[PDB]
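Participant: Give me the fold of what follows.
(2 chains)
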Amino acid sequence: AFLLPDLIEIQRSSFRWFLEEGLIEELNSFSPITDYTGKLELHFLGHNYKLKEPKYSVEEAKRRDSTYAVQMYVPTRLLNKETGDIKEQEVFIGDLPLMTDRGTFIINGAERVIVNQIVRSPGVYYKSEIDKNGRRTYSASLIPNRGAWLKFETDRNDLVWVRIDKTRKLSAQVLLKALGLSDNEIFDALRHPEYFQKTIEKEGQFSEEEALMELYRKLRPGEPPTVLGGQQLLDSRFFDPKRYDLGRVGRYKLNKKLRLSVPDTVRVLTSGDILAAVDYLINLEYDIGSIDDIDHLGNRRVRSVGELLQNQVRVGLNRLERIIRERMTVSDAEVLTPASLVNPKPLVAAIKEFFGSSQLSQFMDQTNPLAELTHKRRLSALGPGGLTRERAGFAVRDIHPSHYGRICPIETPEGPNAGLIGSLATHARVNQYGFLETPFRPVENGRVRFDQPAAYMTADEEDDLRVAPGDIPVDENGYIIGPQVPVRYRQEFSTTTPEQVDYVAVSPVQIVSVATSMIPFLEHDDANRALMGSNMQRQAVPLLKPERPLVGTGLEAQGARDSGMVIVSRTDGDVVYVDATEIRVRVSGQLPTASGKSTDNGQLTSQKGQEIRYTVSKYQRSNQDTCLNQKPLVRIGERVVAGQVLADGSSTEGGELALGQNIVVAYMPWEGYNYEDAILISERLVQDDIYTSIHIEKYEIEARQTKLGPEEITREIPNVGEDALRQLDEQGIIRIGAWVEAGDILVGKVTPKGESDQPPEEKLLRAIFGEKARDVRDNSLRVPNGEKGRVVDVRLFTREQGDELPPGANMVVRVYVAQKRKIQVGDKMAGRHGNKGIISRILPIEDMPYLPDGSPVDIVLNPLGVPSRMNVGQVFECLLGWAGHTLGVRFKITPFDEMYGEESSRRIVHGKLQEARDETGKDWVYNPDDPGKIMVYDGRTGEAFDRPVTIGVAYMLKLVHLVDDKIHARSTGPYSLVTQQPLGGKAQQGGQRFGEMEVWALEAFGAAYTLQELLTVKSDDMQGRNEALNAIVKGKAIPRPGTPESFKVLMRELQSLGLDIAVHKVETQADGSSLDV
Amino acid sequence: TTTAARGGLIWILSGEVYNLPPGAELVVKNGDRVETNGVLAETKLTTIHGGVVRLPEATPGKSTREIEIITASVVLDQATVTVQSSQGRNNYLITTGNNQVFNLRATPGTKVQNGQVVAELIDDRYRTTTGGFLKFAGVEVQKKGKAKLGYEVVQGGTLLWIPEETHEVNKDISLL
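Facilitator: Numbering: from 1, shown residues only, chains lettered A, B, ... in the order given. See below for the structure:
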């Protein structure tokens, strides 16, 4: 049907935008500077970022671990108001990471993306409210884009105050700021200036005192005020465009809100506005008009790099400016070149930073294509400008019914962040103001003509109208059918009739988002469960060859396609040379590359063998250590058109998404294993290499001038022999491609250890061996434990090797090690319907109940389903699958199989089965009696049972966080600094923390020594620790503990704070009072 | 907001409902049928005397009038035009055919009233050389508020000067 516009452009667009202009306009707005005395102009033709060009392949920049960027010149102009003379130059000022294929950026060689967030929009708003009785004040409030605010209200007088921040101010003269005659807001309001008139105290004191003491006796107190004062005060605060952006929006709303008339770019405000407000406030004291609800998606706005950036740049400037302001100005009239008077830096920071950190330069994560998408078109509420988790609570997390269509409600982390992080509906997108125009369909006489290329309007939910939910039994040829078609309307649903209706949704699955509108039979499940679903889907590792599932929602080919994890017919051509690393159908020069000569790009390699030499890349690490690669996939000599797709990303398959596989499942209660939240598995499962994935691995290490010296990298190290000085290069590195194991050496380096501190007993033991011992710690690098796996690579980094290292390091070495992994007991692994499950036993294949045809089934989940999960949806499709599994044919589908009085999905599926018999007559393919139930024997001995069990194929999926990702142990190890208690943090020998509630399970029990000791000897009596340890090594018990540390610490503090702690004993018959350490 | 008269029923009537701007001076009154867009409200709004009508451009938005008395079509002819951005920016010097030169106190196309600034004349005459005393004899202009700036310089053949040098500086009695 429709056309899915590109679904990430969201941020393609933005950037381009900016780029295309989004900063010129700022820029040259900031172009005009000039001496401190108007006498020496410093303006520039800010209308060209004249940017020379990126230096690196992307690839490079990865390899160089550098920030793909650009850099960027501004021609400037003829300077000075003393003798008007140019000393013209241009300048670049900074490097700009000019985006990437995935519409994101990479920097420092890593890979990141900038989320886009969502905030309220400048303009004005009113909130009224009650007392404890019903005194129903109002308020008002203003927000620039940037700059302070202006607050108003009505405090049981009906008489009012121009508060500025929260309640900073409060003046009866709410509208007597910079206006004489008074009538301008006494009669020009033609309403109720202070309910018709005047405050009580409508005193009109504002002659020479105008803009004086108002901004002093109850502002900003404590100075001999000065009518200037007050003035130069306000006018700052609202007039230097310097600091008050309304925001195009700003206007744009206003006016709209108040059909003010001020178009005018009037990027900052007026008076007439102000009052205009105030009226409105009044008018509704009298109640003529509406308070405003910010929750309404419409009056709330989302913004992306384009400006996030941009403005952040602006501040870059200002800072810069100053520097210049003087450095340019104050000094003499010659030296001042349009060159050494400007410096990047501050910009280069600001951005270098912005990216380099915000909360928005998030890392990408490329687990798998759709984890991207959905992480680009994610949008967020938090962030600087936003909220915090705390400072915003709840009803600000809910489905304001305007989200409809615009924010998949199904979609959310949790943790606290529920609600704070939504993603984007499928079809949504945004208007240059940064509200989400929502595609729809114009139904005439309550009937969509379809022809309409949708209806890209309804940026806000208040189209206000008959709007139909894109799930309508629709008469062929337009007409709706039921005279009871619902509709939202003014945020309400409402029984409607087909005639008097306007708007239909383009589809019944738009409000949802990625991983949500994809559920095979969504329509049929709990929501939340489907929540989980989605997410799981994002976490499915990718596999050697993730197969396109069987029953899928149609909607995906695209999704893949726009990952940009695949490789797409750029243009056009009929393949020729395609080895497994590129498709020289490209730089070769024949029909591929040459209808890559049909029509022949602007600058690009317009005909020849073109750098349509796409490479294609094997096994690169991911933000999750997962590997990716795109085998040629296409044949040779054949015919492709742009947008087609050439080779496949990690886990996509026919050029379409493919997240996991599909295997035959049964539902029964296998004793113990599977008993509950447990899954069985045949052995063939991973025996066929299905479900095994890759993972690979960064390992770097580096050497560094101790002020003892260097420390190095030798082949040689003391104390070696096999797994040491064996699988080791001349610099003690490894050869590419070397098995390794769990303790062997990655790279060996030593250290200038020397001595200068030793126990006589060590000197002894020399003497006896009189070994003149060596002197060099030897921090080789060893594979830790529980790793395997070939080595892919190394990446040395020293003066010559890029020298990318901390100040004073010599070599840095990366090393990369990969790893197949089969499945194995212990792996979250779940379906597309919140089917969180863990492997428990694997059965050798010849024990599972197989099938009537003996085909051994192979998972076996628990039958009783759709409980709290309410995900009955998944049987539906199992079944289905199985149909297209026996029929051996994939089938797309869509949630909400409506236009059918009955379940529809229900008589499909049967139908298919049904007929599936007879195309093979296998018969047991389908049993109307006990639908899709089957007999089953069971391998172990050879019988079915009283109750036939359903059977289906089904698409499962295996999940990143893998057992090894969470395993730990610690006999003992490194402690803390200050507080010596073992160093528990996850990577490295950590330790289980026993918080109060945990101790509340110990002292709550009976004999609690343990408690005690646990509190100490395995965490603190320092000496206690040791010598226990010992004491067991001895072979006996352990000695009595002492007092833990952290006590002693507490002493200290407290003592360090005006105390006289006398912990102390009271001994002797003379009872003796002492004190202690 | 009260209850009904003891409460019973409340209504509509059909009889269609017009949504009638302040700028909807209507022509149609109770109990008149006119037709579907019969003629109906027409707004003969009004202004008054003032100056020119400089046709509020009919156009200048969608419609967007701007309905003026324009009035002071001041013929300052021979305001001749020597005007540029040298290491300044623009100045219809308004040299005039008499080479008077009325520089741009108001510059072009601003809008200011009440003793508004207008035009600035040059003269090197009655200007003094390098400072000095003006032991003049006999012009007339008042204290006037503005024996200062704001001058109705009445009458003078009469203004004699002692243009002087002037070098006035705190420091010790230390040097020359």
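
Participant: Please make it C-alpha for all contacts and neighbour counts, starting now.
Facilitator: Will do.

Participant: Could you give the number of residues near the residue in chain B that chain A sits nearest to?
Facilitator: Going by C-alpha to the nearest C-alpha, chain A is nearest to residue B:87 of chain B, at 4.0 Å. Neighbours of residue B:87 under the rule other C-alpha atoms under 10 Å in any protein chain shown: 18.

Participant: For it, grab phi and psi.
Facilitator: phi -130, psi 30 (degrees, to the nearest 10).

Participant: Pretty sure it sits against residue A:82.
Facilitator: Yes. Here residue B:87 reaches residue A:82: they are 5.7 Å apart, a contact under C-alpha atoms under 8 Å.

Participant: who touches both of the two?
Facilitator: residue A:39 (C-alpha atoms under 8 Å, 6 or more residues apart in numbering or on different chains).

Participant: which residue is nearest the middle of the chain?
Facilitator: Looking at chain A here, since you left the chain open. residue A:375 (5.2 Å; C-alpha atoms, centre = their mean).

Participant: switch to chain B, that's the one I care about
Facilitator: residue B:111 (2.5 Å).

Participant: Three-state assignment for it, please.
Facilitator: coil (DSSP: H, G, I helix; E, B strand; the rest coil).

Participant: Repeat that for residue A:767.
Facilitator: helix.

Participant: measure it to chain B for me?
Facilitator: Going from residue A:767 to chain B by C-alpha to the nearest C-alpha, to the nearest Å gives 88 Å.

Participant: neighbours of that residue, just the number please.
Facilitator: 11.

Participant: Over to the one 5 residues further on?
Facilitator: Around residue A:772 sit 9 other residues, with neighbours defined as other C-alpha under 10 Å.

Participant: and what of residue A:2?
Facilitator: Here the number of neighbours of residue A:2 (other C-alpha under 10 Å) works out to 9.

Participant: Quickly check: the biggest helix by length in chain A near chain B or not.
Facilitator: Ranked by residue count, the top helix of chain A under DSSP state H comes out as helix A:305-329. No. Shown here: helix A:305-329 not in contact with chain B (C-alpha under 8 Å from any C-alpha of the partner chain), separated by at least 15.9 Å.

Participant: list the helices and strands that helix packs on?
Facilitator: With contacts defined as 3 or more C-alpha pairs under 8 Å, 6 or more residues apart in numbering or on different chains; DSSP states H and E, helix A:305-329 has these neighbours: helix A:9-17, strand A:33-34, helix A:345-356.

Participant: what about the residue nearest to the centre of chain A, which SS state?
Facilitator: Secondary structure, three-state DSSP: residue A:375 is helix.

Participant: do residue A:811 as well
Facilitator: strand.

Participant: Excluding chain neighbours, give the residue nearest to it in space.
Facilitator: residue A:798 (4.3 Å; C-alpha to C-alpha, 6 or more residues apart in numbering or on different chains).

Participant: Does residue A:489 touch residue A:468 like I think?
Facilitator: No. Counting by C-alpha under 8 Å, residue A:489 sits too far from residue A:468 to count as a contact (9.2 Å).

Participant: What number of neighbouring residues does the residue lying closest to residue A:730 once chain neighbours are set aside come out with?
Facilitator: Residue nearest to residue A:730 in three dimensions, not counting chain neighbours: residue A:715, with 4.6 Å by C-alpha to C-alpha, 6+ apart. Per other C-alpha under 10 Å, the neighbour tally for residue A:715 reads 19.

Participant: Could you check how far residue A:715 is from residue A:727?
Facilitator: Note on residue A:715: its distance to residue A:727, by C-alpha to C-alpha, to the nearest Å, is 10 Å.

Participant: what do you get for residue A:536?
Facilitator: Taking C-alpha to C-alpha, one finds residue A:536 at 40 Å from residue A:727.

Participant: do residue A:747 as well
Facilitator: 9 Å.

Participant: what's the overlap in contacts for these two?
Facilitator: residue A:734.

Participant: check which helix or strand covers the nearest residue in space to residue A:675 that is not next to it in sequence.
Facilitator: Distance criterion C-alpha to C-alpha, 6+ apart; nearest residue to residue A:675, sequence neighbours excluded, is residue A:669 at 5.9 Å. Following DSSP states H and E, there is no helix or strand that holds residue A:669.

Participant: Could you give the number of residues near residue A:669?
Facilitator: Neighbours of residue A:669 (other C-alpha under 10 Å): 15.

Participant: thought it was touching residue A:679?
Facilitator: No. Using C-alpha under 8 Å, residue A:669 is not in contact with residue A:679; the gap is 10.1 Å.

Participant: Check the contact lists of these two and give me the overlap.
Facilitator: With C-alpha under 8 Å, 6+ apart as the test, residue A:669 and residue A:679 both reach A:860-861.

Participant: what pairs with residue A:441 across the strands?
Facilitator: residue A:504 (DSSP bridges).

Participant: quick one on the thing from earlier: isn't the residue nearest to residue A:811 right up against residue A:804?
Facilitator: Yes. At 6.8 Å, residue A:798 and residue A:804 qualify as touching, with contact defined as C-alpha under 8 Å.

Participant: Doesn't residue A:860 lie inside a strand?
Facilitator: Yes. The assignment for residue A:860 is a strand, going by three-state DSSP.

Participant: Look up how far residue A:24 lies from it.
Facilitator: With C-alpha to C-alpha as the criterion, residue A:860 and residue A:24 are 62 Å apart.

Participant: In this structure residue A:50 contacts residue A:76, no?
Facilitator: No. The criterion here is C-alpha under 8 Å, and residue A:50 misses it with residue A:76 at 11.2 Å.

Participant: So between these two, which is more surrounded?
Facilitator: It is residue A:76, of residue A:50 and residue A:76, that has more neighbours when counted by other C-alpha under 10 Å, with 23 against 14.

Participant: so what's the more buried one up against?
Facilitator: Counting by C-alpha under 8 Å, 6+ apart, residue A:76 makes contact with A:43-46, A:88-91, A:338.

Participant: Let me know how buried the nearest residue to residue A:993 once chain neighbours are set aside is, in neighbour terms.
Facilitator: Nearest residue to residue A:993, sequence neighbours excluded (C-alpha to C-alpha, 6+ apart): residue A:984, at 7.7 Å. Other residues within reach of residue A:984, judged by other C-alpha under 10 Å, total 17.

Participant: Also residue A:712?
Facilitator: 27.

Participant: With adjacent residues omitted, what lies nearest to it?
Facilitator: Residue A:712's closest residue in space is residue A:749 (C-alpha to C-alpha, 6+ apart), at 4.4 Å.

Participant: How much space separates the one you found from chain B?
Facilitator: As defined by C-alpha to the nearest C-alpha, residue A:749 lies at a distance of 68 Å from chain B.

Participant: And for residue A:125?
Facilitator: In terms of C-alpha to the nearest C-alpha, residue A:125 sits 25 Å off from chain B.

Participant: Chain B against chain A: which residues are in contact?
Facilitator: B:86-88.

Participant: Check the stretch 301-450 of chain A for the residue nearest chain B and tell me.
Facilitator: Relative to chain B, the nearest point of the stretch 301-450 of chain A is residue A:333 (13.8 Å; C-alpha to the nearest C-alpha).

Participant: and that residue, what is it in contact with?
Facilitator: Listed by C-alpha under 8 Å, 6+ apart, the contact set of residue A:333 is empty.

Participant: Quick check: phi and psi at it.
Facilitator: phi -90, psi 0.
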